[PDB]
Every structure is written in structure tokens, then in C-alpha cells.
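I have placed the structure first, in the form of C-alpha cells, so that the comments after it can refer back to it.
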Amino acid sequence: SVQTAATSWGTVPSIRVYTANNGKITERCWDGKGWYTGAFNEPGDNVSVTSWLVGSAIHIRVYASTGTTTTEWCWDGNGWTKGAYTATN
Amino acid sequence: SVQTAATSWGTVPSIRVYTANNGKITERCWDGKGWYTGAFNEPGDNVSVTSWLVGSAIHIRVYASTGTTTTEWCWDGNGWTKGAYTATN
Amino acid sequence: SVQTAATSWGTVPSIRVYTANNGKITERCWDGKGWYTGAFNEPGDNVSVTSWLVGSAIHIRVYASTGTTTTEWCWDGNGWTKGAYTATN
Ligand SMILES: CC(=O)N[C@H]1[C@H](O[C@@H]2[C@@H](O)[C@@H](O)O[C@H](CO)[C@@H]2O)O[C@H](CO)[C@@H](O[C@@H]2O[C@H](CO)[C@H](O)[C@H](O)[C@H]2O)[C@@H]1O[C@@H]1O[C@@H](C)[C@@H](O)[C@@H](O)[C@@H]1O
Ligand SMILES: CC(=O)N[C@H]1[C@H](O[C@@H]2[C@@H](O)[C@@H](O)O[C@H](CO)[C@@H]2O)O[C@H](CO)[C@@H](O[C@@H]2O[C@H](CO)[C@H](O)[C@H](O)[C@H]2O)[C@@H]1O[C@@H]1O[C@@H](C)[C@@H](O)[C@@H](O)[C@@H]1O
Ligand SMILES: CC(=O)N[C@H]1[C@H](O[C@@H]2[C@@H](O)[C@@H](O)O[C@H](CO)[C@@H]2O)O[C@H](CO)[C@@H](O[C@@H]2O[C@H](CO)[C@H](O)[C@H](O)[C@H]2O)[C@@H]1O[C@@H]1O[C@@H](C)[C@@H](O)[C@@H](O)[C@@H]1O
Ligand SMILES: CC(=O)N[C@@H]1[C@@H](O[C@@H]2O[C@@H](C)[C@@H](O)[C@@H](O)[C@@H]2O)[C@H](O[C@@H]2O[C@H](CO)[C@H](O)[C@H](O)[C@H]2O)[C@@H](CO)O[C@H]1O
Ligand SMILES: CC(=O)N[C@@H]1[C@@H](O[C@@H]2O[C@@H](C)[C@@H](O)[C@@H](O)[C@@H]2O)[C@H](O[C@@H]2O[C@H](CO)[C@H](O)[C@H](O)[C@H]2O)[C@@H](CO)O[C@H]1O
Ligand SMILES: CC(=O)N[C@@H]1[C@@H](O[C@@H]2O[C@@H](C)[C@@H](O)[C@@H](O)[C@@H]2O)[C@H](O[C@@H]2O[C@H](CO)[C@H](O)[C@H](O)[C@H]2O)[C@@H](CO)O[C@H]1O
Ligand SMILES: [Mg+2]
Ligand SMILES: [Mg+2]
Ligand SMILES: [Mg+2]
């Protein structure tokens with residue numbers, strides 16, 4: 001079965017759900033008006049997520065793992081970038 | 001091993017933990033006074049969760065997956081209902 | 001592949017990511033200045049997490065599962081202790 005991770009923010013709310021399937025992670029999004037597939041699409045067998053607000057601006061961190069490597073992906077308003085996280089050291 | 005997902009809200013806090021075991025998801029609840037088994041009991045091999053407050057009212061979304069199908073379950077004060085989420089399209 | 005769970009709080013933010021690998025869970029931490037390995041290191045094949053603030057104080061609950069047993073681990077400012085959670089009854 002596929003594996004999911006979810007986060008949400010505000011009172012509308014906005015929700016993001018990430019799904020790992022066959023080595024790829026896809027993103028589904030709700031901002032009050034319907035579900036749509038988001039811009040996040042990266043490799044991974046496993047996913048987790050967290051998010052926080054700075055005022056009205058959302059910041060999202062998605063942790064995508066394959067083997068023993070976890071890659072952090074970052075949303076800070078400007079598309080998906082890679083983060084400084086590593087699993088060790 | 002079983003697979004879990006957790007959410008919490010407020011300062012008491014309230015906590016909900018969902019566990020997928022043998023194709024079924026069960027719910028455990030803390031509201032400050034002890035752990036009890038919640039009303040949520042639905043099929044799934046995998047579970048994730050998120051929640052948010054609107055004032056003092058909690059809203060919970062549980063994403064239950066079997067195969068490639070993810071079903072969203074909703075708490076909005078009135079028992080568990082199904083949501084509009086789909087994994088694609 | 002390893003399995004992760006993530007939580008975050010405040011606006012800095014602080015982030016904690018828990019990774020289950022080969023029956024052990026380790027913790028990675030960000031408080032604004034770099035990633036470091038945290039004090040949490042306990043057995044588990046599966047992990048989930050939630051956290052909440054009471055004023056400026058973080059409280060973290062990590063649910064570590066092996067077989068059908070889920071152990072709750074608690075941070076309340078004073079190291080990692082075990083919680084009252086059980087999966088049933
Ligand atoms: C890739 C990275 O490590 N990003 C950092 C960010 O680094 C910047 C440098 O890469 C370079 O561009 O120089 C600038 C300053 O001149 C930065 O130092 O530094 C940020 C501030 O310390 C980190 O924090 C987040 O930054 C976001 C914008 O990128 C946004 O403002 C957010 O609110 C900040 O918390 C950023 O680290 C990334 O985010 C943190 C929370 C962790 O997830 C970390 O692993 C990420 O790499
Ligand atoms: C099943 C569903 O899609 N629920 C929607 C809800 O739909 C209602 C219609 O089904 C019908 O009953 O007509 C009423 C209005 O006359 C609604 O349109 O519409 C809500 C408002 O847009 C959605 O948002 C949540 O609604 C909750 C009560 O059901 C509660 O008020 C909450 O605060 C609202 O955010 C609701 O969508 C569901 O919740 C959102 C957040 C997503 O999880 C979505 O996939 C869910 O279906
Ligand atoms: C192990 C446990 O059940 N901890 C409880 C805590 O129990 C204490 C008793 O073990 C004994 O020491 O006596 C004192 C009072 O004299 C306590 O009753 O009781 C807390 C208050 O009800 C529980 O709540 C958290 O306590 C934290 C400090 O341990 C901290 O203050 C936090 O803000 C409180 O919510 C505590 O339960 C644990 O935390 C809750 C949220 C659940 O996760 C539960 O399963 C945990 O065991
Ligand atoms: C802040 C916010 O909600 N931005 C929305 C856009 O991006 C989505 O949400 C963010 C937070 C991330 O989860 C993204 O991966 C996700 O797609 C969203 O999509 C953006 O649309 C642009 C066209 O309007 C463009 O295609 C861009 O590449 C894409 O990411 C749009 C609605 O589709 O709404 C924003 O509110
Ligand atoms: C808001 C809240 O905490 N409601 C509690 C009731 O429901 C629990 O919590 C909600 C948020 C969901 O997680 C539920 O699945 C969960 O059970 C809770 O249980 C309800 O009890 C009723 C009898 O009082 C009735 O049996 C109902 O079917 C059941 O869902 C009760 C305590 O058991 O406390 C409420 O605070
Ligand atoms: C509140 C806070 O951020 N405390 C930090 C210390 O502990 C870390 O964060 C807490 C919330 C848990 O996630 C811990 O498992 C995690 O390690 C942190 O580490 C502590 O350092 C002490 C020396 O300063 C000591 O070694 C202790 O055993 C250890 O847990 C320190 C920075 O390393 O920062 C605190 O802010
Ligand atoms: Mg979540
Ligand atoms: Mg959680
Ligand atoms: Mg999380």
C-alpha cells in the first residue's frame with residue numbers, strides 16, 4: 001500500500017498530503033476550493049512532513065527517504081528547494 | 001510492526017494516535033484524564049493525520065490507504081464522515 | 001528504506017525528525033543553527049510524533065512501535081521519560 005504524510009495550517013484550512021508510491025512522492029493540496037496536485041514531485045520510498053507559519057507565510061519541510069538517505073525538501077514561498085538536513089553527523 | 005500517526009491540540013493537550021494493524025485502523029485518545037479507544041475504526045494498511053482548530057473546535061483529517069486508494073476521514077464535531085480527497089486528478 | 005516522522009514549533013523554527021532504522025529510532029534536531037543528533041534513542045520499527053507548546057515550553061510525544069506494542073516517550077523539559085499510552089484498553 002502507498003504511504004502518506006499530512007500537514008495543515010490556518011483556519012480555512014490549507015492541507016497538504018504527500019504520498020510515496022513506487023519510489024516517487026506526489027503532493028495533493030487543498031486551499032478551500034478543491035483538491036489539486038501540487039508542484040512537489042521527488043523520489044522517495046518514505047515521506048514525512050511538518051510545517052509552521054511565520055505570520056501569514058507557510059514554511060513546509062518534507063523528508064523523503066530512500067535506502068538510508070533522507071533528503072529534506074523546503075517550501076518557503078519560491079518553489080521546492082533542498083534543505084541542510086542529513087540523517088547523521 | 002504496527003504503523004502509527006499522531007496529532008495534538010491545545011494546551012491540555014488533547015492527543016489522538018491512529019494505529020494501522022492487519023488492515024484496520026484504530027484510534028486512541030487523551031483529553032487529560034486517561035487513554036481511551038475512540039470512535040474512529042476504518043480499514044487501512046497505512047494512516048496519516050493532521051488537525052487544526054477553528055476557535056475552540058477541532059477538525060481532524062485521517063488519510064487511510066489500502067493499495068493505491070487513500071480515503072480521507074473527517075471529524076468536524078459530528079462523528080466520522082468521508083472527505084473529498086482523492087490521491088490524483 | 002528508513003521511516004521518518006517530523007514535528008516543529010515556533011517561528012525559528014525548532015524541528016525534530018525521528019528515524020526508524022533496523023529496529024532503532026534516532027532523533028535529529030534544528031534550533032536555527034545547524035542539525036544535531038538529539039538525546040532520543042530508543043527501540044522501534046515505526047515512529048510517529050506530535051508536539052505542542054504550553055507558553056514557550058515544548059512538549060513532545062514520540063510513539064515507538066515494535067510488533068503490536070507501542071511505547072510513548074515524553075519530553076517535558078527534563079529528558080525522555082515513558083508515557084501512559086497503551087495501544088488498547
Ligand atoms: C539551504 C539552507 O540551508 N537554507 C537555510 C538558509 O541558508 C541561506 C544560505 O543558503 C545562503 O543563501 O545565505 C543566506 C543568508 O545570506 C541563508 O543563510 O538560512 C536560513 C536562515 O538561517 C535557514 O532558515 C530558513 O530559511 C528559509 C529561506 O531559505 C526561510 O526564511 C525560513 O523561515 C528559515 O527558517 C535555511 O534553512 C532551511 O530551513 C531550516 C528551517 C531547516 O529546515 C534547514 O535544514 C533548511 O536548510
Ligand atoms: C464532504 C465534503 O466535501 N465536505 C466539505 C463541505 O461540503 C458541504 C457539501 O457537502 C454540502 O453539504 O453543502 C455544504 C454547504 O451547503 C458544504 O459545501 O464543504 C465545507 C466548506 O467548504 C468543506 O470544509 C470543511 O467543512 C467542515 C464541515 O463539513 C468544517 O466546517 C470545516 O471547518 C471546513 O473546512 C468540506 O470539506 C472537507 O474538509 C476539507 C477541509 C477537506 O478536508 C475536504 O476534503 C473535506 O471534504
Ligand atoms: C507518566 C505519566 O502518566 N505522566 C503524567 C503525569 O503523571 C504524574 C504522576 O506520574 C505523578 O508523578 O504525579 C504527578 C502529580 O502529582 C502527575 O500526576 O501527570 C501529568 C498531568 O496530568 C500528565 O500530563 C503531562 O504532564 C507533563 C509532566 O509529566 C507536562 O506537565 C505536560 O504539560 C502534561 O500534559 C502526564 O501524562 C503524560 O503526558 C500526557 C500529555 C500523555 O502524553 C500521557 O500519556 C503522558 O503519560
Ligand atoms: C502558498 C500556496 O498555497 N501556494 C499555492 C501554490 O503552490 C501549492 O502550495 C504550496 C504551498 C506548495 O504546497 C506547492 O507545491 C503547491 O503547488 C499553487 O500552485 C502553484 O501554482 C502556480 C500557478 O498559480 C504554479 O503552477 C506553481 O508552480 C505552483 O506550485 C497555487 C494554485 O495552484 O496556489 C497557491 O496558493
Ligand atoms: C471533541 C472531543 O474530544 N470529543 C470527545 C469524543 O470523541 C473523541 O474525540 C473526537 C475528537 C474523535 O477523536 C472521536 O473519534 C473520539 O471518540 C469522546 O467519545 C465520544 O463519546 C461519546 C460519549 O460521550 C460517544 O460515545 C461518541 O460516539 C464518541 O466518539 C468523548 C469521551 O469518550 O469525549 C469527547 O470529548
Ligand atoms: C528545548 C530544547 O531545544 N532543548 C535542547 C536540548 O535537547 C534537544 O531538544 C529537546 C527538545 C529534545 O528534542 C532532545 O532530545 C534534544 O537533544 C539540546 O540537547 C541537550 O543538550 C544538553 C547539553 O546542552 C545535554 O547534552 C542533553 O542531554 C541534551 O538533550 C541542547 C543543544 O544540544 O539544546 C537545547 O536547546
Ligand atoms: Mg501530520
Ligand atoms: Mg504528527
Ligand atoms: Mg509531522
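Each chain in the C-alpha cells gets a letter, A, B, ..., in the order shown, and its residues are numbered from 1; ligands are numbered from 1 in order too.
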Distance query residue 8 in chain C at most 12 Å, only C-alpha atoms, self and fewer than 2 positions along chain excluded, as a ChimeraX atom specification: /A:7,49-53,59-62 /C:5-6,10-18,28-32,49-53,58-60
Writer output for current selection, N, CA, C and O atoms, as a short mmCIF file (atom, residue, chain, number, x, y, z; two decimals), in the first residue's frame:
data_model
loop_
_atom_site.label_atom_id
_atom_site.label_comp_id
_atom_site.auth_asym_id
_atom_site.auth_seq_id
_atom_site.Cartn_x
_atom_site.Cartn_y
_atom_site.Cartn_z
N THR A 7 -0.02 17.60 6.50
CA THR A 7 0.12 18.80 7.31
C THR A 7 -1.00 19.77 6.96
O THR A 7 -1.62 19.66 5.89
N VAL A 49 6.39 14.95 6.99
CA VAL A 49 6.23 16.39 6.75
C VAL A 49 5.97 17.12 8.04
O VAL A 49 5.35 16.59 8.97
N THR A 50 6.42 18.38 8.08
CA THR A 50 5.98 19.33 9.08
C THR A 50 5.91 20.71 8.45
O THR A 50 6.48 20.95 7.38
N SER A 51 5.18 21.62 9.09
CA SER A 51 5.07 23.00 8.60
C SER A 51 4.84 23.94 9.75
O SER A 51 4.35 23.53 10.82
N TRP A 52 5.16 25.20 9.52
CA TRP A 52 4.92 26.27 10.50
C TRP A 52 4.70 27.57 9.76
O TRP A 52 5.21 27.77 8.65
N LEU A 53 3.97 28.48 10.42
CA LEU A 53 3.72 29.81 9.91
C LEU A 53 4.72 30.81 10.49
O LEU A 53 5.09 30.74 11.67
N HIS A 59 5.78 27.74 5.79
CA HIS A 59 7.06 27.08 5.52
C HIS A 59 6.83 25.59 5.72
O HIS A 59 6.31 25.18 6.77
N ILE A 60 7.20 24.78 4.73
CA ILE A 60 6.94 23.34 4.75
C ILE A 60 8.27 22.61 4.60
O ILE A 60 9.11 23.03 3.80
N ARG A 61 8.43 21.54 5.37
CA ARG A 61 9.61 20.65 5.22
C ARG A 61 9.12 19.24 5.00
O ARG A 61 8.36 18.70 5.84
N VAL A 62 9.56 18.64 3.90
CA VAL A 62 9.22 17.27 3.54
C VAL A 62 10.49 16.45 3.59
O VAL A 62 11.50 16.81 2.97
N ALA C 5 9.48 10.59 10.93
CA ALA C 5 8.38 11.37 11.47
C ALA C 5 8.93 12.72 11.86
O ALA C 5 10.09 12.79 12.32
N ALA C 6 8.17 13.80 11.70
CA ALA C 6 8.69 15.14 11.93
C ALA C 6 7.71 16.00 12.69
O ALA C 6 6.49 15.90 12.51
N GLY C 10 7.14 26.97 16.95
CA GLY C 10 7.58 28.36 16.93
C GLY C 10 7.89 28.87 15.55
O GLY C 10 7.48 28.29 14.56
N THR C 11 8.57 30.01 15.51
CA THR C 11 8.84 30.71 14.24
C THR C 11 10.29 30.63 13.80
O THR C 11 10.61 31.08 12.72
N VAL C 12 11.17 30.09 14.64
CA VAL C 12 12.58 29.99 14.27
C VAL C 12 12.79 29.14 13.01
O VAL C 12 13.48 29.60 12.08
N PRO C 13 12.24 27.94 12.90
CA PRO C 13 11.57 27.13 13.93
C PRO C 13 12.57 26.22 14.63
O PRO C 13 13.76 26.16 14.27
N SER C 14 12.07 25.50 15.63
CA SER C 14 12.72 24.24 16.02
C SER C 14 12.03 23.11 15.28
O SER C 14 10.79 23.11 15.14
N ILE C 15 12.82 22.14 14.81
CA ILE C 15 12.31 20.95 14.10
C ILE C 15 12.95 19.73 14.77
O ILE C 15 14.14 19.76 15.12
N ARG C 16 12.18 18.65 14.90
CA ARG C 16 12.71 17.37 15.31
C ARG C 16 12.25 16.34 14.31
O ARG C 16 11.05 16.26 13.96
N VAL C 17 13.19 15.52 13.82
CA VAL C 17 12.91 14.45 12.88
C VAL C 17 13.40 13.16 13.50
O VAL C 17 14.58 13.05 13.92
N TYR C 18 12.51 12.17 13.55
CA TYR C 18 12.80 10.85 14.14
C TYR C 18 12.88 9.84 13.02
O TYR C 18 12.03 9.85 12.13
N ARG C 28 17.00 13.81 15.13
CA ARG C 28 17.78 14.93 14.59
C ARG C 28 17.06 16.22 14.87
O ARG C 28 15.82 16.28 14.78
N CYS C 29 17.83 17.26 15.18
CA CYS C 29 17.31 18.48 15.77
C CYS C 29 17.84 19.71 15.06
O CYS C 29 19.05 19.79 14.80
N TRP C 30 16.96 20.68 14.84
CA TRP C 30 17.30 22.02 14.36
C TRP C 30 16.69 23.02 15.29
O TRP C 30 15.47 22.96 15.53
N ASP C 31 17.51 23.96 15.79
CA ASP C 31 17.03 25.09 16.57
C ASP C 31 17.50 26.40 15.94
O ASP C 31 17.63 27.41 16.64
N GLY C 32 17.77 26.40 14.65
CA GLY C 32 18.13 27.61 13.91
C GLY C 32 19.58 27.69 13.50
O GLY C 32 19.92 28.58 12.70
N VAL C 49 5.09 11.13 15.76
CA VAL C 49 5.38 12.20 16.72
C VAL C 49 4.31 13.28 16.66
O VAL C 49 3.73 13.55 15.60
N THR C 50 4.08 13.91 17.80
CA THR C 50 3.36 15.17 17.86
C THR C 50 3.96 16.03 18.95
O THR C 50 4.69 15.54 19.82
N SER C 51 3.69 17.33 18.91
CA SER C 51 4.18 18.26 19.93
C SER C 51 3.23 19.42 20.08
O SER C 51 2.46 19.73 19.15
N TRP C 52 3.30 20.07 21.23
CA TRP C 52 2.51 21.28 21.50
C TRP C 52 3.27 22.14 22.48
O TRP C 52 4.06 21.66 23.29
N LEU C 53 2.98 23.45 22.42
CA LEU C 53 3.54 24.43 23.33
C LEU C 53 2.60 24.69 24.49
O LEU C 53 1.37 24.76 24.33
N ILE C 58 8.07 23.54 25.08
CA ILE C 58 7.64 22.46 24.20
C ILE C 58 7.44 21.17 24.97
O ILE C 58 8.19 20.82 25.88
N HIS C 59 6.42 20.45 24.52
CA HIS C 59 6.13 19.10 24.99
C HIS C 59 6.04 18.21 23.75
O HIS C 59 5.31 18.54 22.81
N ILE C 60 6.79 17.11 23.75
CA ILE C 60 6.88 16.23 22.58
C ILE C 60 6.47 14.83 23.00
O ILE C 60 6.84 14.37 24.08
#
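For chain A, the residues having at least one atom no farther than 8 Å from chain C, when counting only C-alpha atoms, are residues 45, 46, 47, 48, 49, 50, 51, 52, 53, 54, 63, 65, 66, 67, 68, 69, 84, 85, 86, 87, 88 and 89 of chain A.
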Selection above as a file: N, CA, C and O atoms, as an mmCIF file, in the first residue's frame:
data_model
loop_
_atom_site.group_PDB
_atom_site.id
_atom_site.type_symbol
_atom_site.label_atom_id
_atom_site.label_comp_id
_atom_site.auth_asym_id
_atom_site.auth_seq_id
_atom_site.Cartn_x
_atom_site.Cartn_y
_atom_site.Cartn_z
ATOM 1 N N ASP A 45 10.854 6.494 -1.069
ATOM 2 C CA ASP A 45 10.065 5.350 -0.629
ATOM 3 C C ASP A 45 9.248 5.659 0.625
ATOM 4 O O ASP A 45 8.297 4.942 0.946
ATOM 5 N N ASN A 46 9.659 6.684 1.359
ATOM 6 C CA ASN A 46 9.019 7.066 2.609
ATOM 7 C C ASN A 46 8.996 8.577 2.693
ATOM 8 O O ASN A 46 9.960 9.241 2.262
ATOM 9 N N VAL A 47 7.919 9.112 3.286
ATOM 10 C CA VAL A 47 7.794 10.561 3.434
ATOM 11 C C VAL A 47 7.255 10.916 4.807
ATOM 12 O O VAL A 47 6.353 10.266 5.345
ATOM 13 N N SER A 48 7.784 12.013 5.355
ATOM 14 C CA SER A 48 7.159 12.717 6.479
ATOM 15 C C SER A 48 7.153 14.191 6.205
ATOM 16 O O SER A 48 7.825 14.664 5.281
ATOM 17 N N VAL A 49 6.388 14.954 6.992
ATOM 18 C CA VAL A 49 6.231 16.388 6.750
ATOM 19 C C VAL A 49 5.969 17.125 8.043
ATOM 20 O O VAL A 49 5.347 16.594 8.974
ATOM 21 N N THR A 50 6.423 18.377 8.081
ATOM 22 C CA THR A 50 5.981 19.327 9.082
ATOM 23 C C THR A 50 5.908 20.707 8.451
ATOM 24 O O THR A 50 6.481 20.946 7.378
ATOM 25 N N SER A 51 5.177 21.618 9.085
ATOM 26 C CA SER A 51 5.070 22.995 8.598
ATOM 27 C C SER A 51 4.845 23.939 9.747
ATOM 28 O O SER A 51 4.355 23.529 10.815
ATOM 29 N N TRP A 52 5.161 25.202 9.515
ATOM 30 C CA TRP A 52 4.917 26.270 10.500
ATOM 31 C C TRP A 52 4.705 27.572 9.761
ATOM 32 O O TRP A 52 5.206 27.772 8.652
ATOM 33 N N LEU A 53 3.967 28.478 10.416
ATOM 34 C CA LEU A 53 3.721 29.811 9.909
ATOM 35 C C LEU A 53 4.719 30.805 10.486
ATOM 36 O O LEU A 53 5.087 30.744 11.668
ATOM 37 N N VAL A 54 5.131 31.760 9.638
ATOM 38 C CA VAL A 54 5.794 32.987 10.105
ATOM 39 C C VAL A 54 4.838 34.098 9.649
ATOM 40 O O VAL A 54 4.743 34.367 8.462
ATOM 41 N N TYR A 63 10.445 15.334 4.311
ATOM 42 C CA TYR A 63 11.609 14.455 4.483
ATOM 43 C C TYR A 63 11.366 13.200 3.679
ATOM 44 O O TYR A 63 10.480 12.399 4.015
ATOM 45 N N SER A 65 12.800 9.719 2.020
ATOM 46 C CA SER A 65 13.849 8.742 2.260
ATOM 47 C C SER A 65 13.810 7.603 1.261
ATOM 48 O O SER A 65 12.739 7.099 0.919
ATOM 49 N N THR A 66 15.008 7.206 0.809
ATOM 50 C CA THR A 66 15.265 6.028 0.008
ATOM 51 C C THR A 66 16.533 5.398 0.571
ATOM 52 O O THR A 66 17.505 6.113 0.812
ATOM 53 N N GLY A 67 16.505 4.102 0.833
ATOM 54 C CA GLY A 67 17.647 3.465 1.499
ATOM 55 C C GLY A 67 17.842 4.097 2.872
ATOM 56 O O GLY A 67 16.859 4.255 3.622
ATOM 57 N N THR A 68 19.070 4.512 3.174
ATOM 58 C CA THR A 68 19.380 5.193 4.415
ATOM 59 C C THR A 68 19.564 6.699 4.236
ATOM 60 O O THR A 68 20.028 7.370 5.144
ATOM 61 N N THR A 69 19.200 7.227 3.065
ATOM 62 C CA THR A 69 19.357 8.632 2.762
ATOM 63 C C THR A 69 18.030 9.371 2.857
ATOM 64 O O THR A 69 17.071 9.018 2.137
ATOM 65 N N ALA A 84 19.262 21.607 4.411
ATOM 66 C CA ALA A 84 20.526 21.237 5.021
ATOM 67 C C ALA A 84 20.467 19.967 5.849
ATOM 68 O O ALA A 84 21.510 19.516 6.334
ATOM 69 N N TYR A 85 19.286 19.386 6.053
ATOM 70 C CA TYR A 85 19.174 18.180 6.856
ATOM 71 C C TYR A 85 20.019 17.047 6.297
ATOM 72 O O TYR A 85 20.100 16.809 5.091
ATOM 73 N N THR A 86 20.635 16.305 7.222
ATOM 74 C CA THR A 86 21.163 14.985 6.941
ATOM 75 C C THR A 86 20.729 14.081 8.107
ATOM 76 O O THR A 86 20.471 14.569 9.222
ATOM 77 N N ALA A 87 20.675 12.774 7.858
ATOM 78 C CA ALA A 87 20.230 11.835 8.898
ATOM 79 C C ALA A 87 21.201 11.668 10.069
ATOM 80 O O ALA A 87 20.797 11.258 11.147
ATOM 81 N N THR A 88 22.496 11.935 9.846
ATOM 82 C CA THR A 88 23.529 11.762 10.857
ATOM 83 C C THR A 88 24.613 12.811 10.694
ATOM 84 O O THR A 88 24.762 13.395 9.622
ATOM 85 N N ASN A 89 25.385 12.997 11.758
ATOM 86 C CA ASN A 89 26.605 13.812 11.719
ATOM 87 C C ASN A 89 26.364 15.277 11.342
ATOM 88 O O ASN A 89 25.317 15.823 11.708
#
Hey, which residues sit close to ligand 4? Say within 6 Å, counting only C-alpha atoms and all ligand atoms, and write them as a PDB file with N, CA and C atoms, in the first residue's frame.
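That gives us pocket-v5.pdb:
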ATOM      1  N   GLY A  38       0.023  19.160  -6.413  1.00  0.00           N
ATOM      2  CA  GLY A  38       0.968  20.226  -6.194  1.00  0.00           C
ATOM      3  C   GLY A  38       2.247  20.084  -6.994  1.00  0.00           C
ATOM      4  N   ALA A  39       3.087  21.087  -6.834  1.00  0.00           N
ATOM      5  CA  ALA A  39       4.368  21.124  -7.545  1.00  0.00           C
ATOM      6  C   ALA A  39       5.375  20.111  -7.004  1.00  0.00           C
ATOM      7  N   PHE A  40       5.212  19.625  -5.780  1.00  0.00           N
ATOM      8  CA  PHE A  40       6.211  18.726  -5.214  1.00  0.00           C
ATOM      9  C   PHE A  40       6.134  17.332  -5.843  1.00  0.00           C
TER      10      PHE A  40
END
Expected answer as a VMD selection string: strand (DSSP E or B) residues in range 34-68 of chain B: chain B and resid 35 to 43 46 to 54 57 to 66
Next, write the just-selected residues to a file, as an mmCIF file, in the first residue's frame, keeping C-alpha atoms as the atom set.
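Contents of the output file out.cif:
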data_model
loop_
_atom_site.group_PDB
_atom_site.id
_atom_site.type_symbol
_atom_site.label_atom_id
_atom_site.label_comp_id
_atom_site.auth_asym_id
_atom_site.auth_seq_id
_atom_site.Cartn_x
_atom_site.Cartn_y
_atom_site.Cartn_z
ATOM 1 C CA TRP B 35 -6.341 6.939 27.337
ATOM 2 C CA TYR B 36 -9.439 5.584 25.650
ATOM 3 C CA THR B 37 -10.304 3.979 22.349
ATOM 4 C CA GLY B 38 -12.013 6.464 20.068
ATOM 5 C CA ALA B 39 -14.891 6.181 17.655
ATOM 6 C CA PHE B 40 -12.633 6.040 14.579
ATOM 7 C CA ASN B 41 -12.308 2.483 13.250
ATOM 8 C CA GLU B 42 -11.899 2.079 9.480
ATOM 9 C CA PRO B 43 -9.928 -0.012 7.033
ATOM 10 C CA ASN B 46 -1.379 2.949 6.282
ATOM 11 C CA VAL B 47 -2.505 6.056 8.147
ATOM 12 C CA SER B 48 -1.580 9.717 8.412
ATOM 13 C CA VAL B 49 -3.304 12.569 10.227
ATOM 14 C CA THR B 50 -3.500 16.308 10.586
ATOM 15 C CA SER B 51 -5.726 18.639 12.617
ATOM 16 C CA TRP B 52 -6.454 22.325 13.116
ATOM 17 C CA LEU B 53 -8.553 24.492 15.401
ATOM 18 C CA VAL B 54 -11.279 26.929 14.374
ATOM 19 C CA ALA B 57 -13.397 23.495 17.755
ATOM 20 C CA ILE B 58 -11.064 20.751 16.481
ATOM 21 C CA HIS B 59 -11.139 19.481 12.933
ATOM 22 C CA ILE B 60 -9.264 16.237 12.196
ATOM 23 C CA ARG B 61 -8.394 14.605 8.858
ATOM 24 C CA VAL B 62 -7.226 10.996 8.757
ATOM 25 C CA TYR B 63 -5.848 9.598 5.484
ATOM 26 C CA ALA B 64 -6.323 5.825 5.332
ATOM 27 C CA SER B 65 -4.684 3.918 2.487
ATOM 28 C CA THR B 66 -5.068 0.397 1.111
#
Computed interatomic separation between atom 4 (N, counted along the ligand's line) of ligand 1 and CA of residue 44 in chain A (Å): 20.9 Å
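Note that the spacing between atom 14 (C, counted along the ligand's line) of ligand 2 and CA of residue 79 in chain B amounts to 16.3 Å.
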